[PDB]
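# Understanding the architecture of this molecule
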Amino acid sequence: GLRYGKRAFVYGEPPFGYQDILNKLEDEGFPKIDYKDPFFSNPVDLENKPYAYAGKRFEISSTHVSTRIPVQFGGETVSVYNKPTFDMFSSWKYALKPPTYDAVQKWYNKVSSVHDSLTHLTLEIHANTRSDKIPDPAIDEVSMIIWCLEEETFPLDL
Amino acid sequence: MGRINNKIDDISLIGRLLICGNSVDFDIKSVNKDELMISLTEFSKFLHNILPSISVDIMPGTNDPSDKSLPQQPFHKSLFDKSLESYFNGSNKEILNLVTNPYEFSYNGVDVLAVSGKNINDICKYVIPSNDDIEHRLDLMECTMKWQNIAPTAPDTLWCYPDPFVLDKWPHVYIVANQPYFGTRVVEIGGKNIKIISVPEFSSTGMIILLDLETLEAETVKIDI
Amino acid sequence: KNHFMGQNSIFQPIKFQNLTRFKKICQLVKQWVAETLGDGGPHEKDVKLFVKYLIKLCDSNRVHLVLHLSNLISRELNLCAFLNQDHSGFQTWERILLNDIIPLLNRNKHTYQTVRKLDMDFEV
Amino acid sequence: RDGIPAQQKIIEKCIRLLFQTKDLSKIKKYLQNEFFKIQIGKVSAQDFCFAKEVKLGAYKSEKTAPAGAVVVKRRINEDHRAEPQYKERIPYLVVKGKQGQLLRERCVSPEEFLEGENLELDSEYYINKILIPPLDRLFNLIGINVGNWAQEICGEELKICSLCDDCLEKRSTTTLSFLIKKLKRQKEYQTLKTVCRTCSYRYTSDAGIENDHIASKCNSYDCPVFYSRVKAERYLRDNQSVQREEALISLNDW
Amino acid sequence: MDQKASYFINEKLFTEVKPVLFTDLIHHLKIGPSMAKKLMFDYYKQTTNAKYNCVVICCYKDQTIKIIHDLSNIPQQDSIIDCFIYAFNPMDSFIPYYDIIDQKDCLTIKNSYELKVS
Amino acid sequence: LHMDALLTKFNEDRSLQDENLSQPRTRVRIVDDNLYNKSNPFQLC
Amino acid sequence: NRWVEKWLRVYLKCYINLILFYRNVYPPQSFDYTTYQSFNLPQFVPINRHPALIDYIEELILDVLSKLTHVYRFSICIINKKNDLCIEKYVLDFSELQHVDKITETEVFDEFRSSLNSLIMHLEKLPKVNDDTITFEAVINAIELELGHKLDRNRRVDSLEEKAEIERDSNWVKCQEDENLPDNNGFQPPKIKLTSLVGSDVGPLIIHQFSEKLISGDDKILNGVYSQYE
Amino acid sequence: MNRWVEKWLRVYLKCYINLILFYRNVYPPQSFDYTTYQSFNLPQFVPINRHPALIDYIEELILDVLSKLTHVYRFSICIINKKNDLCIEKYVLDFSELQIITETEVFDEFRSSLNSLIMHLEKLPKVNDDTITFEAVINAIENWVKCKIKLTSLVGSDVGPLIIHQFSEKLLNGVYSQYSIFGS
DNA sequence: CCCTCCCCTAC
Ligand code: SF4
C-alpha cells in the first residue's frame, strides 16, 4: 500500500462505521432517509411569503444556489462583509461541466359434444325516418333487420 | 450561360428555362419564416444571376409554399429579393413569368402541358392489387392520357373549385416533375401524337432535360457534385 | 462605459502612419512591400518606422499580430518569386525580414501578469 | 365521472410530476401553460364535456333538476322520441354567458355547441370551477394554493394597434408567415380528411370518389378526429382566414 | 492580362480566405471564359506554395458534368471533351457562397428580350 | 493519364476565340403565346 | 448595441460549433451541416443536434456577451479527459470590439465568413483526435470584474433577468494564466506553438484570432489522443 | 491577515472532508445534506452529514489540526480497504505557507481549489458499499499515534503567502465496480 | 353563511 510518510501521525479511528451510522442517526431522533420535500426549481416562484394552511406552517425552500444557506462551521454561518476588491487583468474559467462524449454518443444511438352453454341471438333494425326526427314506432316503418346467431355456442350445426 | 461547355452556338439554342417546381423543400409542421426567407433569398440570388442570360419560368411545387390543392396559383409577387423589383414591375413578364401548377405553354406555336407531379405521386401512393418502376410510371402516364383527365384521384389531388382538369385539347408534350426516374416516350392515340416526358428531381440524380422543339427530341445533361 | 476603458475602446490600438484598422495597415504594408521590390530597396526611415511599430506592438502583448505580419511578409516574398527574383530588391527585403523580424519574435513574453510559462518558437 | 376528462388528465399529470420530480416549479409551469391554452381556445373540445346520468322520473321539481336534465328536456321538446333510458349519461358543455346567469341556464349540448356559429366555451368558468377546487385540495396539504398561479396568467399581428390592419409593412416576412400558417392548416385538414377516408373505408370498401363524401358525413362525438376536423373547418371558414386572404391580396397588389 | 488576374487571385485566396471561381474573373476583368480558363492554367504552374486544392471538372461527350474527387482514376478518359480548373480551394471543403453580381456587360450570351423599366 | 496530363492536353491548347464579350450572340427568341392570352382554365380566384 | 450583440452571438456560436466538430470533442455523426440555427449563420457551420449541448452553448454565449464590456479576451481550452493538461488553446482576441452605444449585414457576414474559413483552414491541417478521449473548456480573460461574490447579500430573485444575472455571476471561478500547461519538467521541455489567423475587421466589430498548440511533450503528454501517426 | 486565513481554512477543510466522505463509500449516501447548503457560492451541491456526532468529530479534528498548523507539513485523507489495511487512495494537501493578503483573494483561491476537488471527484469510478474506511493523517515538520502511484495534481492557493498544494494518488480485490451519485 | 337536492365514490 501507499506509505504514510517519513514521519506521520495517525488520528483516532472514527466513532461510527458504514452500517452503524444509519442506526445511530435513527436512534439520535432523525429519520434514516431524508426524503426531499416539494421545492421550487427556480426561486422566482418562492414569492417570499409564508406558506401555511389551516394554521399549519409549511417550510418550502428552493434547491437553487441563490436561496441555499452557506455552509456553517460550529453552528455559525460564515460570509464576507467587506466589499470585494477586484484587481486588474484577472482570468476566469467556466465552472459547469459540459456534456460527456459517451452521453452524446448514446443519445445519437437511440435517436366436448355436450351442450353446456346458452344459444345466443342478436337483432338490429334500420328505420327510414323523415327529415331529422329519429326512428318512430308510430310513423316510421322498419326497413332492414340484421341477425347474427353466436356460432361459438350454437350446437346442432344445422 | 455557356461558361462551362464553351460551345456558344449550342448553348444559345436554349431559348427559355422552365423550373417545374419544388424549388424549396421544407416541413410545414415545424418551420420558421427566417429559414424560408433565407432559402427564398438564395433562389432570388440565383434568378437575378441567371435572368439576364436566359428567361426563367417559375412553377409551383408540392413542397413549395403554395396551395396544397393541385391547381396551385403562382408563387407570389413577393418572397423575392429587392433586386427583382425591375423584373416584377408588371410590364416585363416575358423573361420572368410565374404560372399556375397546370399550364399550357405555347412555346413557338407548340403547346406543352406541365404539372408539378402531385397527381402521379397520388396514384403511386395507392396500392392496387389488380395491375415503382420507370416502365410502370410510363404506363400510368399512358392511362392518365387515355382516361382524358389529369387527376384520376380527385380527393387526393384537388379540393373543390372556385372542371378544368377535364382535358379540352390534347397537348403536344406532357411534362411531369418530381419523379424518381426519367423516361421519354412518343405515343399515338386516335391518330394524334403526344410526347410524355418525366423530368427527374434535381436534389437527387440532378440531371436536366433539353427538349428540342424542331425535332421533338429530349436529351439529358447530368451534373455530378 | 464604466470609466475604465481609458480610450475610445477598451484598449488603445497601435497606430502607425495615422492608421488604426489592422486590415487597413496590413493592406498598406502589402502595398509598400509590393512597390518597394521594384525600387531596388526600401528606405531606411521606413524600415526604422516599421521596426519601431513592431517593437511597440510587441510591448503591448500582441505577438499574434506580429506573427501575422511576419507571415504576410513571408507569403508576399514567396509569391513574388520566379517573377521578381534577383533584381536587388528581393535579396535585401529577405535579409531585412529575417534580421529585423525573426529575432524580434521571441522577445517580451508578457501577458499583463508575470511571464508566460514555457516558451514558443512560432509557426512563422 | 362527475367531471371532465381534461381535469382528470391535468390532475393525474400534476400528481405524477409532484410524486416523481417533487418540483413545484414544473407543476406551476405546466398549469400556466394549460390555463393559457384553455383561455386561447386550442383545446380538443372533447375532454371538456360532462357525463352525468339523469333520472327523469326521480326529480322532486324542475328547479331541483340537474344540469343534464335541462338538456334532456330541451331535446325532448323538439322531438319526443329522444327520451334517454334510466340512469343514462347525457353529455353537455357550458358555453360563455352573461354575468349572473345560472349554470343550468346555458346547458349547451355538444350537438348545439359544435353547430353553433358563434358559441364559445366558458374558459373562465371551467378554469376556476373545475381546476381550482380539486388542485387546491390536492395541494393545500403542501402549503401552496393554485389560485395565485391561475390569477398570475385592431391588427392582424400582435404593433399594439394600427384597412389591412398592419402598421409595419414587412411584406417579405408577413406574406411568408401567412403562407406558413395557411400551409400548416391545409396540411392538417388534408391529413384529417385522409384519416377519415381510411376510417370510412371499413363501410364504403372503396378509396375513390363517393367515399370521401361518406367520410365527411360522419359526425361521431366519441372520436377526437371528428372534433379536430370540425375545428379545422371552422378555422378555414372563420373571418380571420378571410382577413388573411385580404391582407395577402393587398400586399401582392404591387 | 497577366500580373493583374494573378494578383487578384492571390488576394482573394490569401488576403481573405475565400474560394475563387472563373465567374469571379468574368465579373472582374470582363473577359471571356476561355481567357479565364487559360489564366487558371497559367496560375496553376509557377507556384511553389501549394496552399490551395485545385478543383477540376470533366465535360463528357454526353455533357455529363462531373467533379473530380479522386484525381487518380477518372472513368471514360477518351470521352472527355473539355478539362479545366473549376476553382481554387484553400481547404478540402468547398461550400461556396453566392451573392449579387452586377453583370452589366460581362455576358457572353444575351437574351433577345431586353429589360424595360416604367 | 494523370490530372496534369489531361490539363496540359486540354486547357493548354485553348481556342481563345468567339469570346469577344463586346457583342454577345443573341439567344434564340422563344415566345409564349399564352403569356398575354389569359383565359387560363386552372386560374382560380 | 442591438445588431452588434446578435452578430457577436452568431459568430461565437459558429466558432464554438466549428471548434467542437473539427477537434473531435463530440462525435461527427451528431454534428450536421446546417445554415439555420434560429439565426442566419454566415456559412454552412455544422451545429450539433443535442438539446442539452445546444442549451449549454447558448447559455455560455449569452454569459460571455453579458460581460463583454469587461472581457477583452475569450478563449476555448481543450484539455485531455484522462489527465488535466491543456493540449490546445484557441483564443478569440477582442482587442477593441469598438464598444459604442450608437454597417449592414452583408459586410459583417462576409468578414465572419472569412474568419470562419481561415479557422477551418487551420483546423483541417491539424492531426485527427481519438474518440471519447478529449474535452473542451471555456476560459475568459477579464480586466476589472469579480465573479462569485454577488451571493453575499442573500438576494432574493423576483424576475428572470436578475436570477440569470445572479446565476452568471457565480458561474465562474478564479484561475491563473498558464495553469493547465505542463510545469516545465526540464527533460526536453514542451514548447507551445503559436499560429496567427485573420479576424473580422468590420466597422462596429474588430476581432483578432490566434491559436495555441503544444506540439511537444516529455512523455505522458499527448499520449493516445492523436490517433498515432494519422 | 491570519484571521481571514484561518476563518476560511476551517470552512474549506470542512467542505473538502465532507465532499471526500460523500463522493467515496466510507459512509453511505442519502445520509448527507446536499440540498440546503452551499460551500463557496458554487453552483455544485456540497453535501453535509446529517449526524451531529460525525460533524462534531470532523470539526474537532480540523480544529486540532489548525492548532498545530505551524508544526504540520502535510495533511491528507486516506482511503483504506477493509480486511486489507492498505491505503488505496490518498488525497494530500501539501503545506508550505510561511507565517497583507486580502480576504477576497483567499476566498477565490479556496473556491477554485474546491471546484477543482469537486471536478476531480466527479469522474472517479464507483465503489461498492461497506468496503472503505477513512483516516486522517498529518506529517510533522522536522489523539495522535506514531505510524505504484497515480498522482493527479490539483490547483491550490498561490495568491501570496498561502502555498497550499493539492494532489491525489490512487492504487484491492474487486472492490471497484462500475455503475449520477445525486440521483438517490 | 347554511340547508337541501343531486351526483359519485369507498367499505
Ligand atoms: S371521425 Fe373519427 S370516426 Fe368518423 S370517420 Fe373520421 S375518424 Fe372515423
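Each chain is numbered from 1 in the order of its written sequence, a scheme that can depart from the entry numbering, and any residue without coordinates is omitted. Chain labels run from A onward and ligand labels from 1 onward, assigned in the order the entries are written. Shown here is a subset of chains from a larger assembly, with all values computed for this subset only. In computing side-chain values, all of the structure's heavy atoms are included and hydrogens and water are not. Residues with missing side-chain atoms are left out of burial classes, side-chain pairs and their counts.

This entry lists cryo-EM as its structure determination method and reports a resolution of 3.53 Å.

## Some points on the environment of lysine 67 of chain G
Residue and element names in this part refer to chain G. In this description a helix means any DSSP run of H or I spanning at least four residues, a strand means any run of E spanning at least two, and both kinds are numbered starting from the N terminus. Relative to the assigned elements, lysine 67 resides in the loop between α2 (51-66) and β3 (71-79). Should any heavy atoms of two residues lie within 4.5 Å, those residues are counted as being in contact. Filtering out sequence-adjacent residues up to four positions away, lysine 67 remains in contact with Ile140, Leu147, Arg168 and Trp172. Pairing of N or O atoms within 3.5 Å defines a polar contact, subject to two protein rules: one partner must be a possible hydrogen donor and the other a possible acceptor, and residues neighboring in sequence count only if both atoms are side-chain atoms. Polar contacts involving the side chain of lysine 67 include one to the main-chain carbonyl oxygen of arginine 168, which spans 3.3 Å.

## Examining the packing of helix α1 (residues 3-22) of chain G against helix α3 (residues 106-124) of chain G
All names here are of chain G. Here an axis means a line fitted to C-alpha atoms, over the contact stretch when the element is a helix, while the angle between two N-to-C directions is reported on a 0 to 180 degree scale. Look at α1 against α3: their axes get within 11 Å of each other, and the N-to-C directions meet at 15°. Classified by the angle between their axes, α1 and α3 sit roughly parallel to one another. Judged by the twist between their axes, the crossing of α1 over α3 is right-handed. Contacts between α1 and α3 involve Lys6, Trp7, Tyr11, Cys14, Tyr15, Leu18, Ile19 and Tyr22 on the former and, on the latter, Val108, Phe109, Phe112, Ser115, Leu116, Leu119, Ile120, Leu123 and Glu124. Residue type decides the class: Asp, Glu, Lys and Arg count as charged, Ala, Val, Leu, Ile, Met, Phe, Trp, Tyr, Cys and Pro as nonpolar, and the leftover types, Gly among them, as polar. Across the contact of α1 with α3, the residue classes break down as 14 nonpolar, 1 polar and 2 charged. Oblique is the label for any angle not under 35 degrees, not over 145, and not in the 65 to 115 range, which are roughly parallel, roughly antiparallel and roughly perpendicular in turn. By definition, any crossing whose near helix is turned counterclockwise from its far helix by less than a right angle is left-handed, and any crossing with a clockwise turn is right-handed.

## Notes on the pairing of strand β6 (residues 173-179) of chain B
Residues and elements named next belong to chain B. Here, any two strands with at least 2 DSSP bridges between them count as paired. Sheet topology places strand β5 (residues 110-115) next to β6; 4 bridges connect them, and they run parallel. Among the inter-strand pairings, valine 115 is bridged to a residue of β6, identified as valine 176. Summarising the sheet, β6 and strand β8 (residues 192-200) pair through 5 bridges and their orientation is parallel. The residue bridging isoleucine 175 from the neighbouring strand is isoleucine 197, located in β8.

## Things to note about the interface of chain A and chain H
Accessible area lost on assembly of the parts is the figure often given for the size of an interface. With 42 residues of chain A at the contact, the number on the chain H side is 66 residues. Only β1 (8-11), α1 (20-28) and β4 (72-73) of chain A provide two or more residues apiece to the side of chain A that touches chain H. Looking at the side of chain A that touches chain H, its residues break down into 25 nonpolar, 9 polar and 8 charged. Judged from the 3 bridges that link them, β1 of chain A and strand β5 (residues 132-140) of chain H form a sheet pairing that is antiparallel. Within β5 of chain H, the residue paired with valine 10 of chain A across the bridge is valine 137 of chain H.

## Section: the interface of chain F and chain E
Listed per partner, the contact involves 19 residues of chain F and 24 residues of chain E. Broken down by secondary-structure element, the contributors of at least two residues to the side of chain F that touches chain E are α1 (3-10) and β1 (25-26) of chain F. Considering each element in turn, the side of chain F that touches chain E owes the most residues, 4 residues, to α1 of chain F. Among the residues forming the side of chain F that touches chain E, the class breakdown is 9 nonpolar, 4 polar and 6 charged. With 2 bridges joining them, strand β5 (residues 109-110) of chain E and β1 of chain F adopt parallel strand pairing. Among the inter-strand pairings, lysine 110 of chain E is bridged to a residue of β1 of chain F, identified as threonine 26 of chain F.

## What to know about the sheet that holds β8 of chain B
Backbone hydrogen bonds are what pair the strands of a sheet, in a parallel or an antiparallel way. All names here are of chain B. The sheet built from 5 strands is open, its strands ordered β4-β5-β6-β8-β7 with mixed pairing. Each having just a single partner strand, β4 (103-107) and β7 (183-189) make up the two edges of the open sheet. Across the sheet, the mean angle separating the axes of adjacent strands is 25° when strand polarity is ignored. Those strands touched by helix α4 (residues 134-146) are β6, β7 and β8, and its axis lies near 35° from that of β7.

## Looking at the environment of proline 152 of chain B
All names here are of chain B. Looking at the element boundaries, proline 152 is found in the loop between α4 and α5 (154-157). Note: C-alpha distance between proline 152 and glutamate 135 (17 residues apart in sequence) is 19 Å. Setting aside residues up to four positions removed in sequence, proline 152 forms contacts with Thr144 and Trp147.

## So, the packing of helix α2 (residues 22-29) of chain E against helix α3 (residues 33-44) of chain E
All names here are of chain E. Put simply, α2 and α3 touch, their axes get as near as 9 Å, and they point 115° apart. In this structure, α2 crosses over α3, and the sense of that crossing is right-handed. Contacts between α2 and α3 involve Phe22, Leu25 and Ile26 on the former and, on the latter, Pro33, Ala36, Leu39 and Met40. Across the contact of α2 with α3, the residue classes tally to 7 nonpolar, no polar and no charged.

## Regarding the packing of aromatic side chains
Here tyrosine 112 of chain C and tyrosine 72 of chain G contribute two aromatic rings whose centre-to-centre distance is 5.8 Å and whose plane-to-plane angle is 85°, an arrangement assigned as edge-to-face. Remark: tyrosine 72 of chain G occurs in strand β3 and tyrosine 112 of chain C occurs in the loop between α5 (102-105) and β1 (119-120); the pair is interchain, linking two chains. Aromatic pair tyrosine 27 of chain H and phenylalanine 134 of chain H: ring centres 5.9 Å apart, planes at 65°, arrangement edge-to-face. Aromatic ring contacts, followed pair by pair, group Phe22, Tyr23, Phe32, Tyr34, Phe45 and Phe182 of chain H into a single cluster. Definition used: whenever NZ (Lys) or CZ (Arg) falls within 6 Å of the ring centre and also within 35 degrees of the ring normal, the charge is taken to sit over that ring. Residue placement shows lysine 77 of chain B over the ring face of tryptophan 254 of chain D; its charged tip is 5.7 Å from the ring centre. One cation-aromatic arrangement involves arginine 171 of chain D over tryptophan 254 of chain D; the distance from NZ or CZ to the ring centre is 4.9 Å. Aromatic rings from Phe, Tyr and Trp, taking only the six-membered ring of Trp, are treated as a pair when their centres fall within 6.5 Å; an angle between ring planes under 30 degrees marks them as stacked, one over 60 as edge-to-face, and anything in between as tilted.

## Things to note about the arrangement of the chains
For the 13 pairs of chains in contact, the maximum contact count is reached by chains A and H. There is no contact between chain C and chain H; across them, the least C-alpha separation is 12 Å. If you take every C-alpha in chain E and every C-alpha in chain H, the smallest gap between them is 37 Å, and the two do not touch.

## A look at the pattern of salt bridges
Within this document, salt bridges are pairs made up of a side-chain nitrogen of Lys or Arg and a carboxyl oxygen of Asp or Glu, the two lying within 4 Å of each other. With its nearest N and O atoms 3.2 Å apart, the salt bridge here joins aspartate 224 of chain B to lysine 222 of chain B. Taking the shortest distance from any N to any O, the salt bridge between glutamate 62 of chain D and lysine 73 of chain D comes out at 2.9 Å. With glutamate 62 of chain D in the loop between β1 (50-54) and α3 (67-78) and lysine 73 of chain D in helix α3, this pair connects stretches of sequence that are 11 residues apart.

## Here we look at unusual backbone geometry
Even without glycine at this site, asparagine 6 of chain B takes up a positive phi of about 70°. Even without a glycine there, the phi angle at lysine 220 of chain G is positive, about 60°. Counting through the fold element by element, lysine 220 of chain G comes out in the segment after β8 (208-213).

## Observations regarding the sheet that holds strand β9 (residues 207-212) of chain B
Reading across from one edge, β9(B)-β10(B)-β3(E)-β2(E)-β4(E)-β1(E) is the order of the 6 strands in this open sheet, with mixed pairing throughout. Taken across any chain shown, the strands that pair with only one partner, and hence form the sheet edges, are β9 of chain B together with β1 (20-21) of chain E. Across 2 bridges, β1 of chain E lies against strand β4 (residues 80-89) of chain E in antiparallel orientation. Bridge pairing in β4 of chain E places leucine 21 of chain E opposite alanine 87 of chain E. Here α3 of chain E sits on the sheet and contacts β1, β2 (53-60) and β4 of chain E; the angle it forms with β4 of chain E, its principal contact strand, is near 65°.

## Details of the pairing of strand β2 (residues 55-58) of chain B
Residues and elements named next belong to chain B. Judged from the 4 bridges that link them, strand β1 (residues 16-19) and β2 form a sheet pairing that is parallel. Counterpart to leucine 18 in the pairing with β2 is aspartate 57. Following the chain from β1 across helix α2 (residues 33-50) to the adjacent parallel β2, one finds a crossover that is right-handed. Inspection of the sheet shows β2 paired to strand β3 (residues 96-98) by 3 bridges, in the parallel sense. The residue of β3 that forms the bridge with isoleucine 58 is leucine 98. By the criterion used throughout, a crossover qualifies as right-handed when its path from the first strand across the helix to the second strand runs clockwise, the strands pointing away from the viewer.

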